[PDB]
Amino acid sequence: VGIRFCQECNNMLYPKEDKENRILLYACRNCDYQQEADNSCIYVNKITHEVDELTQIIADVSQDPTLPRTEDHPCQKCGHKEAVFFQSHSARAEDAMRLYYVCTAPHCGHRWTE
Amino acid sequence: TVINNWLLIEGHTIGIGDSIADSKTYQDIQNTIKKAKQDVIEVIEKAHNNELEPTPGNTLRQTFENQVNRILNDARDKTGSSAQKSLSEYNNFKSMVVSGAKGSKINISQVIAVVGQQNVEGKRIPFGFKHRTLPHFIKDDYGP
Amino acid sequence: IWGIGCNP
Amino acid sequence: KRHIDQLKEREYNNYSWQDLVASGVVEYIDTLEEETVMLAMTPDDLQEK
Ligand SMILES: [Zn+2]
Ligand SMILES: [Zn+2]
């Protein structure tokens with residue numbers, strides 16, 4: 001999944017298999033350093049790309065004057081009543097009109113979707 | 001020639017008296033708009049809860065726009081029909097529409113009851129600003 | 001200026 | 001009301017639009033900043049609760 005950069009040359013490590021030991025080794029083409037791979041996964045592609053946008057949402061968006069705010073939905077973490085609510089705001093979000101609520105009030109930074 | 005010389009005796013005119021309708025008709029138009037706005041709000045709340053089910057061959061955004069446009073169009077036509085009921089025999093807008101000389105039922109409806117939905121490029125007014133049509137409206141407002 | 005099915 | 005009173009006697013008070021801008025009552029907003037601004041069409045109607 002993640003890309004690992006070699007210490008010796010600070011370049012990308014590409015997967016390589018040692019036939020003798022049948023052990024996956026991440027080896028740079030430029031330098032001879034080789035590292036055994038713990039993950040054992042080379043390439044992962046999510047065609048559905050069903051990735052939650054809760055992680056992507058920034059807590060700073062609560063400060064926006066233009067965003068609508070509801071006191072109807074209380075915060076789960078701290079119980080603050082106000083909560084700005086906005087849609088996906090994302091391209092390639094397929095067809096979702098879910099409201100990604102963000103708790104207001106300083107430093108709570110809680111994002112929940114109902 | 002003959003009809004134009006009779007028109008000197010009878011005469012024709014267009015005034016504000018033609019545009020104005022009875023108070024009951026205005027109340028009916030307003031009530032239709034009220035319940036239409038409520039229906040659009042209910043559709044929006046269904047969409048936010050994700051209870052809305054996609055129409056076959058259409059995305060959820062497309063089917064939400066379809067349903068909202070249907071509700072707004074039905075309200076628009078119903079208010080127009082109420083306005084057209086209000087018209088008296090003497091009303092001159094009706095004289096011209098019935099005779100076919102100029103105008104249409106749509107023009108009477110827009111004059112008296114409701115101008116209607118404004119559509120650009122086949123859709124409702126788009127989000128020119130970031131996620132809102134005009135700076136005065138709140139972000140992510142799909143209301144009427 | 002009327003609706004989506006009418007005219008602008 | 002004090003600002004409009006000074007503006008009403010614009011003559012012999014040398015109070016003008018520049019004074020209004022300097023006082024912070026009004027501000028110039030371009031479109032890019034308009035995207036980040038919540039505006040009210042009419043003050044009394046929209047500001048009031
Ligand atoms: Zn290296
Ligand atoms: Zn909170």
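Please read every residue number as a count from 1 along the shown chain.
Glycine too: its Cβ is placed from the backbone N, Cα and C atoms.
If you look up Swiss-Prot, you'll see C:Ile1 marked as (3R,4S)-4-hydroxyisoleucine. Residue environment of C:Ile1 ((3R,4S)-4-hydroxyisoleucine) contains 12 other Cβ atoms, counted within 10 Å of its Cβ in all protein chains. DSSP assigns C:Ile1 ((3R,4S)-4-hydroxyisoleucine) to coil in the three-state reduction, outside any helix or strand.
According to Swiss-Prot, the (3R,4R)-4,5-dihydroxyisoleucine annotation covers C:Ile1.
The 4-hydroxyproline feature in Swiss-Prot is assigned to C:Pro8; the stated evidence is experimental evidence. For C:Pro8 (4-hydroxyproline), applying a Cβ distance below 8 Å and a minimum sequence separation of six or more within one chain yields C:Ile1, C:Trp2. Taken residue by residue with DSSP, C:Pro8 (4-hydroxyproline) is part of neither helix nor strand, so it is coil.
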